[PDB]
Amino acid sequence: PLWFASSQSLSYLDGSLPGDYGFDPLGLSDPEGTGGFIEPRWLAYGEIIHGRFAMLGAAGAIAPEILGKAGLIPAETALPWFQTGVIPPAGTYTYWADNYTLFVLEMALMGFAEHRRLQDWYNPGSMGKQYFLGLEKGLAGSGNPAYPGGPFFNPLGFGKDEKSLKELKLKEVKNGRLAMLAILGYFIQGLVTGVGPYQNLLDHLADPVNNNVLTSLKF
Amino acid sequence: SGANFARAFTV
Amino acid sequence: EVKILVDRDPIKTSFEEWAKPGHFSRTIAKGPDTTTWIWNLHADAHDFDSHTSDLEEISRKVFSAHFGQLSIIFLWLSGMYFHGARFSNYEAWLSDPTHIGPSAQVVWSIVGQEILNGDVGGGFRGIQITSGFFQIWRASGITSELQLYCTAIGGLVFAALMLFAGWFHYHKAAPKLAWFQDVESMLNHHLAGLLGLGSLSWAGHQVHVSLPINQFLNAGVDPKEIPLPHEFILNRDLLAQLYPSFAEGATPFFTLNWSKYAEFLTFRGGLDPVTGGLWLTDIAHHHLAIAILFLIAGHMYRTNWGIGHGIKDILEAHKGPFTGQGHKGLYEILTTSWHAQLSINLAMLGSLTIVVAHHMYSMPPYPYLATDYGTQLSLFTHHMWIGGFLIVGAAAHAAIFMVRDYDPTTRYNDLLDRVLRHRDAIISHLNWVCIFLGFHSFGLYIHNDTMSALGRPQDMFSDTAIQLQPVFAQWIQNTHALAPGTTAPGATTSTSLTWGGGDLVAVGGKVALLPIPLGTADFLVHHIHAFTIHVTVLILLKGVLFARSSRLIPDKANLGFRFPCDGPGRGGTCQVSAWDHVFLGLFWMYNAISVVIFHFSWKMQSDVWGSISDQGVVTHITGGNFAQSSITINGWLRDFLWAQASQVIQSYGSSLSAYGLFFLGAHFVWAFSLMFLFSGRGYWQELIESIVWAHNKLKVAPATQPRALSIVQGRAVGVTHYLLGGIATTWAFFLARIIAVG
Amino acid sequence: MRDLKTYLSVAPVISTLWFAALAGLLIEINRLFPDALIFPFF
Amino acid sequence: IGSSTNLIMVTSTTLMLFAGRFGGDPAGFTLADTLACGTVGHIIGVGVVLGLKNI
Ligand code: CLA
Ligand code: CLA
Ligand code: CLA
Ligand code: CLA
Ligand SMILES: CC(/C=C/C=C(C)/C=C/[C@@]12O[C@]1(C)C[C@@H](O)CC2(C)C)=C\C=C\C=C(C)\C=C\C=C(C)\C=C\[C@@]12O[C@]1(C)C[C@@H](O)CC2(C)C
Ligand code: SF4
Numbered sequence: 054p055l056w057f058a059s060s061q062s063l064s065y066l067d068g069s070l071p072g073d074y075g076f077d078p079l080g081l082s083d084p085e086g087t088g089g090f091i092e093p094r095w096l097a098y099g100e101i102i103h104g105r106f107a108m109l110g111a112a113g114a115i116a117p118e119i120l121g122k123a124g125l126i127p128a129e130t131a132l133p134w135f136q137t138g139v140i141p142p143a144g145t146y147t148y149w150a151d152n153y154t155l156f157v158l159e160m161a162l163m164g165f166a167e168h169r170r171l172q173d174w175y176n177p178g179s180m181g182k183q184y185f186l187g188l189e190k191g192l193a194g195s196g197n198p199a200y201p202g203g204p205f206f207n208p209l210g211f212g213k214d215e216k217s218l219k220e221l222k223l224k225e226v227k228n229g230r231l232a233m234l235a236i237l238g239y240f241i242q243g244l245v246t247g248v249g250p251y252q253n254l255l256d257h258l259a260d261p262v263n264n265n266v267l268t269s270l271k272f
Numbered sequence: 111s112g113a114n115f116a117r118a119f120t121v
Numbered sequence: 009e010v011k012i013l014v015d016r017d018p019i020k021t022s023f024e025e026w027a028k029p030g031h032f033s034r035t036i037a038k039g040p041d042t043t044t045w046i047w048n049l050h051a052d053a054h055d056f057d058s059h060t061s062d063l064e065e066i067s068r069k070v071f072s073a074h075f076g077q078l079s080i081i082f083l084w085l086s087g088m089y090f091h092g093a094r095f096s097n098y099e100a101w102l103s104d105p106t107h108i109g110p111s112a113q114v115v116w117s118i119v120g121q122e123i124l125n126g127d128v129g130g131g132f133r134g135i136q137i138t139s140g141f142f143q144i145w146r147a148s149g150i151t152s153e154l155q156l157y158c159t160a161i162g163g164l165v166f167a168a169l170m171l172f173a174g175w176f177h178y179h180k181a182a183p184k185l186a187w188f189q190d191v192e193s194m195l196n197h198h199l200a201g202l203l204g205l206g207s208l209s210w211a212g213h214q215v216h217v218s219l220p221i222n223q224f225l226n227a228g229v230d231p232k233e234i235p236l237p238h239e240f241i242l243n244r245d246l247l248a249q250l251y252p253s254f255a256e257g258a259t260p261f262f263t264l265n266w267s268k269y270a271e272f273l274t275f276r277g278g279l280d281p282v283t284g285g286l287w288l289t290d291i292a293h294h295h296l297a298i299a300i301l302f303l304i305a306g307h308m309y310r311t312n313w314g315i316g317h318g319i320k321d322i323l324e325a326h327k328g329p330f331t332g333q334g335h336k337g338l339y340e341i342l343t344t345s346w347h348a349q350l351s352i353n354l355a356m357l358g359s360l361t362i363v364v365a366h367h368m369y370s371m372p373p374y375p376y377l378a379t380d381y382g383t384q385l386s387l388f389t390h391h392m393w394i395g396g397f398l399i400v401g402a403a404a405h406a407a408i409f410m411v412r413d414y415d416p417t418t419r420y421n422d423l424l425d426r427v428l429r430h431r432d433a434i435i436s437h438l439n440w441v442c443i444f445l446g447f448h449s450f451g452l453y454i455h456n457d458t459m460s461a462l463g464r465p466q467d468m469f470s471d472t473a474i475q476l477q478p479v480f481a482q483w484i485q486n487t488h489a490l491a492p493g494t495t496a497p498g499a500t501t502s503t504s505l506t507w508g509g510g511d512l513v514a515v516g517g518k519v520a521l522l523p524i525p526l527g528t529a530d531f532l533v534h535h536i537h538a539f540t541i542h543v544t545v546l547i548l549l550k551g552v553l554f555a556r557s558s559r560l561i562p563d564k565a566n567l568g569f570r571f572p573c574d575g576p577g578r579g580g581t582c583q584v585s586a587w588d589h590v591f592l593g594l595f596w597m598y599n600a601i602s603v604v605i606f607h608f609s610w611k612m613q614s615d616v617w618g619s620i621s622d623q624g625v626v627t628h629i630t631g632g633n634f635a636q637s638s639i640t641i642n643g644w645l646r647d648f649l650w651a652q653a654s655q656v657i658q659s660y661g662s663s664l665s666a667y668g669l670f671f672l673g674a675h676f677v678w679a680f681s682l683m684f685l686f687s688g689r690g691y692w693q694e695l696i697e698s699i700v701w702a703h704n705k706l707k708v709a710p711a712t713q714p715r716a717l718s719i720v721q722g723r724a725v726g727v728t729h730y731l732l733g734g735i736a737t738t739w740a741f742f743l744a745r746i747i748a749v750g
Numbered sequence: 001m002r003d004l005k006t007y008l009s010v011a012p013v014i015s016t017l018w019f020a021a022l023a024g025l026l027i028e029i030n031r032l033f034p035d036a037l038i039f040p041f042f
Numbered sequence: 049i050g051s052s053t054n055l056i057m058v059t060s061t062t063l064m065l066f067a068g069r070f071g098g099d100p101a102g103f104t105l106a107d108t109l110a111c112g113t114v115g116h117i118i119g120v121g122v123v124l125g126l127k128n129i
C-alpha cells in the first residue's frame, strides 16, 4: 500500500504510524537536520489535531443548513457558515452579547485548555501533580501525547485490544484527512459561488450538467 | 492641514 | 540531495559576553594598554573571516546580519509612512498638486528656528521635502490618512518579526553548511518566487486598485468623494461602467481571446498629457509580462529531481573559440568564498542603480513627477552617487579575495592564470589610452580658453568656427524618431520624448519634456566622461591585479591586504597595498560623478526645463546659454558656479537659511580633511609627548596612554572627511538653487 | 543583572545618557528663559 | 469545445507529450516529466494560437 513513495521517503517511514502510506514527495519528515517546528513527532501530532478540528468544523458547518431545510429549527436561526458573523462584510447576526466579548471569552477558555495541553506535551507527567480542584488525577496522561486517554477522554473504554486500537487510529486519521479536504472545498466554494455548500449540492443534484464548476466559469 | 501643524505647538 | 539541515542551539543567549568587549579576537580580548586598542575594536567588528576559519560560523553570522539590516530598513520605511500620515499636508496636495509644495517635516519652536517652517502652501508650514514620496503614494491609490497609519503599523510589525527571525536563526536553529551551498534551489526560488510572484501580485494590485482610483482622480472628482478601493472589488457594476471588459469576468483569459482585455492593457507608450507620466495601463501590462517571463525563467536549474540543468555541467561543458577549457574550477571558487560573490553582486548593483537613474530621468513613471524639478534633480544625483560607491566597493572586495582566498594548488582556474600572466600589457595599454583621451579632451578646452583670451574667436572648437558634431548620436536619435512608424507597428508613439522630433509636452504651464539637441558641447563632455571613467578603471584594475605580488615587492601577499608600506628603502615604498589603491580610486570616482551631475544639471536647466506661455513660446531658466558658454573653463566658472550660487548665499533671513549654513559647514569640513591628508604621524606623536608631560606634572595622567592614529587610520579619516565635505557642498547648492528657482 | 549593569556602565552608553540629560537641561533652561545677552540678576 | 483553438493546442499538447514519452511505468517516466511536457505543450499551443489570430 504505497502512494507516490520515493526512495528517500521509504527509508525513514517504517510503517509504525497510523495511515502510513509512504507518501512524502517533498521530504519534510526526513530524520536528519530536524529542528524548530520540523520534527516527525510534532508533524504527526499536528496532523492528528488538524484532523480532529477539521472533523468538528465540517460537521458543524453543514448541520445548520440541513436542519433549517428539514424544518427542525427556526428559519431565522439557520444560516450559511459565513453569514453567522464570522465575516462581517459577508453578513452579520445578533447574539446575547457583542462579538468581541464572545471572542475574549473563547480566548480565555481555549487558553486554559491549550496551555495545559502544551505543558503536557513538554513534560509528560507534570500536569497531574499540582492541585486543580481535584481534576488533575484524571489528567495524568498515558505517556503518548497524541492519545492521552484516561477517564475524562476515554470514559467508554474503547480500544482495549491493540489490533482494534490500531484500526481505530487508522479510521481516525483517514476521517481527519477527508474532513480537511472537505473544509478546503467549503472555503473555495464559498469564495467562488457565494452560496452555502448544501445549496450547491441541491443544485448539482437537480441538474448536474447545468450546475458544475464549468457553468459558473461559463465558456 | 492646520491640526498637523498645531500638533508640534501643543505646548 | 536537497534537504533542510539545522543545528540546535549553537550559541546560548547570555549577558556575560556583553560585559567584556572585544570577545571576537583574542588580542583585543586581552585588555587595553594604549588608546589604539579602542580604534581596533571597531575596525575588526564585522571581519567575520578573520575571527574564525570555519565556513559554518561565517555563514550563520552573515544570515543574522542580513536579518538585522532588513529590520532596520523596515523601521525606516514605517517611520517615513507615519510622518506622511501625521505631520504632512498630503490631503491638501492631492486636490491641487501643481501649486502646492510637498512637506512632511515640522520644526519645533525652541530657540528661533521656527523660521524654518516655510510656507509651502495649502494652509501649512513646514520643511519642503524632495523625496518624491507624494507621487508614489498618489500613484499607489492612497487617498486618506488611515491607510497610511495602517501601513506604518504593518511596517513596525514586520520589523519586529524580522528581528525575532534573526535571533531565532542565530541562537536556536542555525542552518548547516550544506544548506548554504545549494545554489540551484536558491536561484530557482529567487527567480520564480521573489521576482515573479512579487511582480505578478503588484500587477494584480495595479489592475484592481490603482487603475480605477487614478481614473477617478484624473477625471476631476474630489478625493473625498471617490469610492473606497474595496468597493470596486465587491461591486461589479462600478467596474463594468468604468471598464466594460470586466463584465465578461475571467472567461476571456481562459479562452485565449485576450483582445477583450485591450481596454486596460494597452501598448500606446509615450507620456500621458494630463499628468506627464507613463500610462498606467502600459505599466500594468509590463509588470504582467515580466511576471510571466520570470516565472518561466525560474525553472532552469536541476533541484532534487530528474529535470533541470546543472551549473557545473554548463560551466565545464562550454567549449568556445577564444576560451577553450577555460571555465573549469570556477564553481568551487564561487561557492567557497563570500568575497567573490560580494564583488560581483556589488558591481551588478552599482551598474543597475546608474541605469535606474538614467531611465528614471528619461521617462517619468509617476504622475506629476516631471514638473517637479527638485525631486528629479535629487533623485538623479542620489542614485548616481549610490551607484558609484557600490562600483568602487566591488574592486576592493575583489582585491580582498585575490589576497586572502586564492591558492593555485587546491583550486586552479585557467582563465584567471592566463589573465595574471600578462598583466603588464593590460596596464600599459590602459595607461596609454588614459593619457591619450585625457590629453585630447582637456587640450580642447585649454585651446578654446587660450584662443578666447587672445581675441581669436574664429579658431575655436565651437558651433561656428570648427565643428565637431556627434554624428552617431544624431543618427540614433533620427532612427528612434522614425521607429514607431515602421520599426514598431504596435507602439503608437515613441518610447520617450528625449529623441529628436515630435511635440513638446507640458503640464500646468510648465514644460515636462521636449527633444534634447546635441552639439559640440555634448561631444566634449561625453569624451571627458570617458576619460574619467577610464582613469578610475585603470586605478582599480591595477590595484586588483598587482595585489598578490609585484616587481618591486615579490612577497606582497605575506604582508597582507592592509599594510601602510614596506620601508624607506628601494627608494621609498609608500602606498603599495590594494587598500591604498581603493583609497586613491575614491577621489577619481568622486571627480567623475561630480562632473556628470554638473553636466546633467546645467543641460536640463538650459535646454529642457522652463516655462510656457498661452501664446506658445518657451522661456528656459538660464536662456539656453549652455551651447555656447560651456566650451571654455571660464564659462563653467562664471556662468554656472558664480551665477547659480546667488540663491544659496542670499538665503539668510529666509526659510532656506539651513541650506546656506550647510553650504558653509561643508566647506569647513573639506578644509579640515587636508589636515589629515597632508601631514604625518611622527610630528603628532612627538607633540603628544610634550602634552603628556604637561599632564603628568599635575598627576592627571591616564592609564590608557594616548597614541597618535596609525597611518591607515589617518588616510581613512582624511578621505572620509574630504568626500563628506564635497558631497554636502554639492547637496546644499543643488537643493537651494532648485527649490528657489524651480 | 550584574552583567546588564556592567554593560550599562560602559563608556559610550554612560556618555550618551549624560549628554542627553545635559542637553535636556539646557533645552529646558532656554525654553523657560527665552533669550539673554547679559546677567541681570545682580 | 471543438473550436479551432481548442483542437489545435490540444493536438500540440498531445504531440509534445508523445514526443516526451518516447525520446510505475515500463519506461522511466515520473510525474515531473509529465508536468513539464504538458506545460511546454500548453505554452506552444498558446503561442501558435495567438500568432494565428493576429497575423
Ligand atoms: C590636445 C590637443 C590640441 C589640439 C588637437 C590642438 C589643435 C590646434 N591648435 Mg591648440 N593648444 C592646445 C591643445 C591642442 N590644440 C594647448 C594645450 C595649448 C596651450 C594653451 C594650445 C594653444 C594653441 C595655440 C597658441 C595655437 C593653437 C593652434 C592650433 C592648431 C594648430 C595645430 C598644428 O598646426 O599642429 C599640428 C601638427 C602635427 C604634426 C600633427 C601631428 C598629429 C598627427 C596627425 C598624428 C596622427 C597619428 C597617426 C594617424 C597614428 C597611427 C599611425 C599609423 C598610420 C602607422 C590646431 C587646430 C594654432 C592656431 O591658431 O590654429 C587655428 C595656434 O596658433 N593652439
Ligand atoms: C520563495 C521563497 C523565497 C523567498 C520569497 C526568498 C526571499 C528572500 N531571500 Mg531567499 N532563499 C530561499 C527561498 C526564498 N527566498 C531558499 C529556499 C534558500 C536556501 C537555498 C534561500 C536563501 C537565502 C539566503 C541565504 C538569503 C536569502 C535572502 C532573501 C531575502 C532578500 C532580501 C530582499 O530581496 O528583499 C525582498 C523583501 C521581502 C520579500 C521581505 C518580505 C518577507 C518575505 C515575504 C517572507 C516570506 C519568505 C520566506 C522564504 C518564507 C517564510 C518561511 C517560514 C515562515 C517557514 C528575501 C526575503 C537574503 C536575506 O535577506 O537574508 C534574510 C539572504 O541572506 N535567501
Ligand atoms: C554591500 C555591503 C558591503 C558589505 C557587507 C561589506 C563588507 C565588508 N567590508 Mg566592504 N565596502 C563596500 C561595501 C560593503 N562591504 C563599499 C561600497 C566600499 C567602498 C567604500 C567598501 C570598501 C571596503 C574597505 C576599504 C574595507 C572593507 C572591508 C569590509 C569588511 C569589514 C567591515 C568593517 O570592519 O567595518 C566596521 C565598521 C566601520 C569601520 C564603520 C566606519 C564608519 C563609516 C566609514 C562612516 C560613514 C559616515 C556616515 C555615513 C556620516 C554620518 C555623520 C555623523 C555620524 C556625524 C566587511 C566584511 C574592510 C576589510 O578589511 O575587509 C576585511 C576594509 O578595509 N570594505
Ligand atoms: C581649516 C581647517 C583646519 C583646521 C580647522 C585646523 C585646525 C587646527 N590645526 Mg591644522 N592643518 C590644516 C588644516 C586645519 N587645521 C592644514 C591644511 C595643515 C597642513 C598640513 C595643518 C597642519 C597643522 C599643524 C602642523 C598643526 C595644526 C594644529 C591645529 C590646531 C591649532 C589649535 C587651534 O586652532 O585649535 C582650535 C580648534 C578647533 C577649531 C577645532 C574644531 C573644534 C570642533 C569643531 C569642535 C567639536 C564640536 C562638534 C560637537 C563636533 C562633533 C562631531 C560629530 C561627529 C558628533 C587645530 C586643531 C596645531 C596643533 O596641533 O596645535 C595644538 C599644529 O601643531 N595643524
Ligand atoms: C483545521 C481546518 C479547518 C477547521 C475549521 C473549523 C474548526 C471551522 C469552524 C467553523 O465552521 C464552524 C464550525 C461554524 C462557523 O460558523 C464558524 C467556523 C469557525 C468557520 C482545516 C485544515 C485544512 C488542511 C488542509 C487543506 C491541508 C492540506 C495539505 C496538503 C494538501 C498537503 C500535502 C503535502 O504535505 C503532503 C501530504 C506531503 C508532502 O510531501 C507534499 C505536500 C503536497 C506538501
Ligand atoms: S613610514 Fe611613512 S614615509 Fe616611511 S615608507 Fe612608510 S608610509 Fe612612507
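Chain order of the listed sequences is 3, N, A, J and K.
So the first sequence is numbered by PDB author numbering: it starts at 54 and just counts up by one.
So the second sequence is numbered by PDB author numbering: it starts at 111 and just counts up by one.
So the third sequence is numbered by PDB author numbering: it starts at 9 and just counts up by one.
So the fourth sequence is numbered by PDB author numbering: it starts at 1 and just counts up by one.
With PDB author numbering applied, the fifth sequence covers 49 to 71, 98 to 129.
Backbone N, C-alpha and C fix where the C-beta goes; we use that ideal spot for every residue, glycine too.
For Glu239 (chain A), none of the residues of chain 3 pass the 9 Å Cβ criterion, the least Cβ distance being about 11 Å. In this structure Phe42 (chain J) is exposed. Its beta-carbon is surrounded by fewer than 16 other beta-carbon atoms within 10 angstroms. Shown in chain order are the members of the region 250-277 of chain A whose Cβ falls below 9 Å from a Cβ of chain K: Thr263, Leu264, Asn265, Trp266 and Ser267. Identification of chain A residues near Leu65 (chain K) by a Cβ-Cβ cut-off of 7 Å yields none; the smallest Cβ-Cβ distance measures about 15 Å. The way I'd put it, the region 296-308 of chain A does touch the region 184-202 of chain A; three or more beta-carbon pairs between them come closer than 8 Å. Not flagged as an interface residue toward chain A: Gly203 (chain 3), since no C-beta distance is shorter than 7 Å. Taking a Cβ-Cβ threshold of 8 Å, the residues of chain A close to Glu85 (chain 3) are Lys11 and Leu13, in chain order. For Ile29 (chain J), no chain A residue has a C-beta closer than 8 Å to its own C-beta; the minimum C-beta separation is roughly 11 Å.
Ranked by how close their Cα comes to the Cα of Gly593 (chain A), the residues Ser718 (chain A), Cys573 (chain A) and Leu549 (chain A) have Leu549 (chain A) in first place. In this chain, the alpha helix (DSSP H) harbouring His293 (chain A) covers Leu288 to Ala305. Taking 7 Å as the threshold, the shortest C-beta distance from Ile315 (chain A) to chain K falls below it.
Around the C-beta of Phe741 (chain A), 16 or more other C-beta atoms lie within 10 Å, and the residue is accordingly described as buried.
Taking a C-beta cut-off of 9 Å against chain 3, none of the residues of the region 714-741 of chain A qualify. Those residues placing their Cβ nearer than 7 Å to any heavy atom of ligand 4 are, following chain order, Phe676 (chain A), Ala679 (chain A), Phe680 (chain A), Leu682 (chain A), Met683 (chain A), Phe686 (chain A), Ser687 (chain A), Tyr691 (chain A) and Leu695 (chain A). Taking each of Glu697 (chain A), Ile696 (chain A) and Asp530 (chain A) in turn and checking the Cα distance to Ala635 (chain A), the smallest one comes out for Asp530 (chain A). Residue burial annotation: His589 (chain A) is buried, with at least 16 other C-beta atoms found within 10 angstroms of its C-beta. Selection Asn125 (chain A), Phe330 (chain A) and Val677 (chain A) evaluated against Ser117 (chain A) yields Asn125 (chain A) as nearest (Cα-Cα).
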